[PDB]
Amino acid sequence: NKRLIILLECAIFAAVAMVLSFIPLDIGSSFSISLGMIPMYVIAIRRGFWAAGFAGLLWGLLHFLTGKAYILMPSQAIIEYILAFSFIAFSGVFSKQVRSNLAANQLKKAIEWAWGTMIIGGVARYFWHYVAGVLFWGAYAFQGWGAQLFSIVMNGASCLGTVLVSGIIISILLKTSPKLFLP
């Protein structure tokens, strides 16, 4: 029953996220808007912290199976497609608050809590992308840029752009489809 259902929902939203990953919003190899965070955000709100991590990791592991995983070195694939996607769990730190306000028709308060949990969950993921950027992606930097500088700026931009476009759509989905976040 419930155990199978919650696990399946994680797998479904992971699959949807993997599908959205085939929609390229990239500028080079260091900037990209991850539309797959949209299914991650709803499942994080709908089910909570642990579910967002499991679903997130499934999404990361699906990169390997679908061949969408950039692999410079074995270490870097471990950090970027497993560690980083596991910390999507933090997208559900305010899931109870969002669901609480959403069910009580406090949509404004629900959206505000939603942006709080989408930013934390976003930064939590891209932290590991920033780490791997310094360790592995130095040779892709601009002319005269260090590995750390190139990593914080590019991963910061990717994080900023990703949370922004996903946050807006989530906000609309909170307005248009409340039951999607309320199981």
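Don't overthink the numbering: it's just position in the shown sequence, from 1.
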- [ ] Would you mind comparing 21-29 and 155-163 for me and telling me which has the higher average C-alpha temperature factor in the entry?
- [x] 21-29
- [ ] Pick between 59-67 and 121-129: the one whose mean CA B-factor in the entry is higher.
- [x] 59-67
Task: Largest Cα B-factor, entry values, listed residues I38, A114, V134, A44 - done: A114
Open item on the list: Test of reading the entry: by CA B factor among the chain's modelled residues, which third contains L83?
Closed with: lowest
Open item on the list: Quick check on the deposited entry: does the C-alpha B-factor of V98 sit in the lowest, middle or highest third of its chain?
Closed with: middle
Open item on the list: When the deposited Cα B-factors of this chain's modelled residues are ordered and cut into thirds, is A104 in the lowest, the middle or the highest one?
Closed with: highest
Task: Position of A110 among the chain's modelled residues by C-alpha B-factor, lowest, middle or highest third - done: middle
- [ ] Using the B-factors in the PDB entry, rank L72's C-alpha atom against the chain and give the third, lowest, middle or highest.
- [x] middle
